[PDB]
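Coming up, as structure tokens: structure 1 and structure 2, two forms of one and the same protein chain.
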Structure 1
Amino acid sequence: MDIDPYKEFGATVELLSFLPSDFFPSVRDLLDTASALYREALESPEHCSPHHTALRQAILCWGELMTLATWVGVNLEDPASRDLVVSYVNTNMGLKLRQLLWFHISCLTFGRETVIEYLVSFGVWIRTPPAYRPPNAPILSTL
């Protein structure tokens, strides 16, 4: 199957490619934001929203990757392989996980429609070449 995780929620993998990969915060920072703002809802037995369901799945996927990294560090004996796998699991997969975390956290905090319009506007800003690019980049905010 060809499943786009954002196709529900009115976005696409291509739209989020407007944002550069180095734009997204670290998984630690994003999980801290999730705990700060939505811990009780995430731990709840309610389907509070599709975003909440998806964020739950993403947090668990990251947790299982961390369990794998620990298991590698304990059960592998070749340090080169140990560290290659650990770094891969921390960086390459972390990128997509923090895309997902960012999208859903931002849509809960600010609104799905607002986030999609931020994506469009930031794509404008970032495609605008530097000579003509304003310094005030689009930024998600309430106030």
Structure 2
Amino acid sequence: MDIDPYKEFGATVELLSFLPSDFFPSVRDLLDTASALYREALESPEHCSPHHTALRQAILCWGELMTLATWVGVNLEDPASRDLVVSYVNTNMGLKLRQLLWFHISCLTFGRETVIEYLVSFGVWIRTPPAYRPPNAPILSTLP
């Protein structure tokens, strides 16, 4: 099928392409954020939110992928092979999981509408040529 994991949440894979690949934090950083803020809800027996559901599934997907790649490397012989293997992973699958984790953790921390408006505004900012681009990029905050 051709499923978009975001249009169920009011976005698309092309609205999140407004943000470059350089923008998304590491999976370690995002998993730490989750474990810090929504651990007792992700480990809960409740349908607390579609965002929680999707975050659980994404974490399990990252687990499966890491396990596969690690077993591959451990069973593979050459080191450079392993190196560009994990490079391809971090480039293709890690990026998608980063986008997903960011989207969901931000929709939990700030709000779905807030995050979508942030995406629009950051697209404005990053389309704006640098000569006319302010330095104070848009950012998500519960503060002034």
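One-based numbering along structure 1's sequence throughout. Shifts are known only where both forms have a C-alpha. For clarity, a rigid core is taken as the largest C-alpha set superposing within 1.5 Å between two forms.
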Review point. Just one of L108, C48, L31, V86 has a CA that shifts 2 Å or more between the two structures on a core fit; which is it?
Key: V86
**Study point:** Shift of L76 between the two structures at or above 2 Å (CA, core fit)
**Key:** yes
Revision key, fill the gap. Using a rigid core superposition, the C-alpha offset of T67 between the two structures in Å is 1.0
Revision key, fill the gap. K96: Cα shift between the two structures after core superposition, Å, came to 0.4
Study note, to complete from the structure: Per-residue Cα shift of 2 Å or more between the two structures after core superposition, grouped into runs of 3+, gives 73-92
